[PDB]
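Throughout, a chain's letter reflects where its sequence line sits, starting with A, and its residues are numbered from 1. FYI, side chains are in, hydrogens and waters are out, and symmetry mates aren't considered; it's all heavy atoms of this structure.
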Amino acid sequence: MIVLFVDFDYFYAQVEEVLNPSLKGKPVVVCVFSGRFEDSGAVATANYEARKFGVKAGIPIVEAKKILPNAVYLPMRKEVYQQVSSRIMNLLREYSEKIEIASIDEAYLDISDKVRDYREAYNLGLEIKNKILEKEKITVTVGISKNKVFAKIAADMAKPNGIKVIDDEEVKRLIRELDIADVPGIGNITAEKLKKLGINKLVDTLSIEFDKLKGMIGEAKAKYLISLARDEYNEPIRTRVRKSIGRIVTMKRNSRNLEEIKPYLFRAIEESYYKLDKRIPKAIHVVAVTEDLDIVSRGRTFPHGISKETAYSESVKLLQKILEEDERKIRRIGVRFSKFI
DNA sequence: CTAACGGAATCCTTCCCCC
DNA sequence: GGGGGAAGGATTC
Ligand SMILES: Nc1ccn([C@H]2C[C@H](O)[C@@H](COP(=O)(O)OP(=O)(O)OP(=O)(O)O)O2)c(=O)n1
Ligand SMILES: [Ca+2]
Ligand SMILES: [Ca+2]
Ligand SMILES: [Ca+2]
């Protein structure tokens, strides 16, 4: 295979800068205001002018303002970014019909039938970058390799407005030398689980016994890392289908009172049903985020589609079920729909 | 009514019913 | 022994 991976640079911030070019050159921070108090919330992303000083995704807004009090702080306008993203994905369809849309700013392309070698795949990456910059004035990063995992790693290496090829020779070096925490799918809890086993590179998984690795990171991640270490990973590019749609809102104050939580729950249902847009779900899940930011969920699936009225009455019964079987106060309450007709 | 923090989505694992 | 579902967990954007 020859996989071409596209990753939009600082997407949310860059879209805001395209829509307001006076933002060019300044630190821009895209925020998710929870509404509980002034500047409560987290940073969705920031451009590289702000990211260079430690303002990155996930950190609290009030911590970003202690670092950069004079940066531009904009509220997240996800529907604007989604519509811009959808147009860029339509541009990517013109280069390969095997395309896998991974997220709002990521897409894999199987270009095995469109180029002969990596030099031609490289040139196709330039043509794709120039086409996106010409149509939407958005800079992206191209990663090219023999599978999806190393194509994404390639884009991570040359990230800010770049293009990078990891050939079969560098693939083997990375199996020996790339720190295993930088492999997609290995978070801190799985990484620290590899370290305590002594595994720091992919090649280490081939010397260890399988069950000693399986019995503690799981069968799937063990097979996944072993196949990568053997240079035998080759999952195909697949069209991804949205499997669930939901919405969770932060309440103004923690509560275990039914009548106080119900307005937030009903608002989450209305917005979730608007996002359904056609699509008839057969399962509904009420999801509560407790004081300690833990996640509790109670669900129910029907032999038929779920009307909005049925979603209303069933969510209350599922919410009562959460107050019964857990005693932590709820901080965020929401709903999720799945199993579409 | 401004309080040390968002919101959304996937896949995998554990437990349990069931054949 | 294993298919299949409910709920938690880990990951990532
Ligand atoms: N914890 C996070 C991480 C990301 N995002 C959003 C903001 C990003 O614009 C988009 C894609 O995130 P990336 O991981 O691709 O990061 P960026 O595109 O912002 O930066 P980079 O240019 O390094 O990819 O997802 C978010 O809401 N919350
Ligand atoms: Ca990106
Ligand atoms: Ca991305
Ligand atoms: Ca990691």
Could you spell out the base pairing of DNA chain B in dot-bracket, with Watson-Crick or G-U pairs whose two distances are under 3.5 Å, [ ] crossing and | to another strand? ......||.||||||||||

Considering residues at least two apart in sequence or located in another chain, which fulfil the side chain to side chain donor-acceptor pair (under 3.5 Å) criterion with A:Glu259?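 So A:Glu259 forms a side chain to side chain donor-acceptor pair (under 3.5 Å) with A:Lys262.
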
With sequence neighbours left out, write down each residue that passes side chain to side chain donor-acceptor pair (under 3.5 Å) with A:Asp167, or none if nothing qualifies.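 A:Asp167: no side chain to side chain donor-acceptor pair (under 3.5 Å) contacts found.
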
Classify [X] by what it touches in the nucleic acid, base, sugar-phosphate, or nothing, heavy-atom distance under 4.0 Å.
X        : value
A:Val296 : sugar-phosphate
A:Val287 : nothing
A:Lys214 : nothing
A:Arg336 : nothing

Parallel, tilted or perpendicular: rings of A:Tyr81 and A:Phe11 (30°, 60°): perpendicular

Identify all pairs in which a protein N or O lies below 3.5 Å from an N or O of nucleotides 2-5 of chain B, and state each distance.
unit_1: B:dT2; atom_1: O2; unit_2: A:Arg36; atom_2: O; d: 2.7
unit_1: B:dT2; atom_1: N3; unit_2: A:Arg36; atom_2: O; d: 3.3
unit_1: B:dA3; atom_1: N7; unit_2: A:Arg36; atom_2: O; d: 3.4
unit_1: B:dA3; atom_1: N6; unit_2: A:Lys252; atom_2: O; d: 2.3
unit_1: B:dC5; atom_1: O5'; unit_2: A:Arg331; atom_2: NH2; d: 3.3

Considering only distance and modelled atom types, tabulate donor-acceptor pairs under 3.5 Å from the side chains of residues 177-194 of chain A, sequence neighbours left out.
unit_1: A:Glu177; atom_1: OE1; unit_2: A:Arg173; atom_2: NH1; d: 3.2
unit_1: A:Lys193; atom_1: NZ; unit_2: A:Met216; atom_2: O; d: 3.2

Under 3.5 Å between N/O atoms: give me all the protein pairs with nucleotides 11-13 of chain C, atom names plus distance.
unit_1: C:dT11; atom_1: OP1; unit_2: A:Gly187; atom_2: N; d: 3.1
unit_1: C:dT11; atom_1: OP1; unit_2: A:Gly187; atom_2: O; d: 3.2
unit_1: C:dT11; atom_1: OP1; unit_2: A:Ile189; atom_2: N; d: 3.4
unit_1: C:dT11; atom_1: OP1; unit_2: A:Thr190; atom_2: N; d: 2.7
unit_1: C:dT11; atom_1: OP1; unit_2: A:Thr190; atom_2: OG1; d: 2.7
unit_1: C:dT12; atom_1: OP1; unit_2: A:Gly185; atom_2: N; d: 2.7
unit_1: C:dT12; atom_1: OP1; unit_2: A:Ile186; atom_2: N; d: 3.0
unit_1: C:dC13; atom_1: OP1; unit_2: A:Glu106; atom_2: OE2; d: 3.3
unit_1: C:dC13; atom_1: OP1; unit_2: A:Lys152; atom_2: NZ; d: 2.9
unit_1: C:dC13; atom_1: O3'; unit_2: A:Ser103; atom_2: OG; d: 2.9
unit_1: C:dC13; atom_1: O3'; unit_2: A:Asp105; atom_2: OD1; d: 2.9

Below the 4.0 Å mark, does C:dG8 have OP1 or OP2 next to a side-chain nitrogen or oxygen of A:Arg298? yes

Give a yes or no on whether A:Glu260 atom CD has more than 12 heavy-atom contacts from other residues, nucleotides or ligands under 6.0 Å away. yes

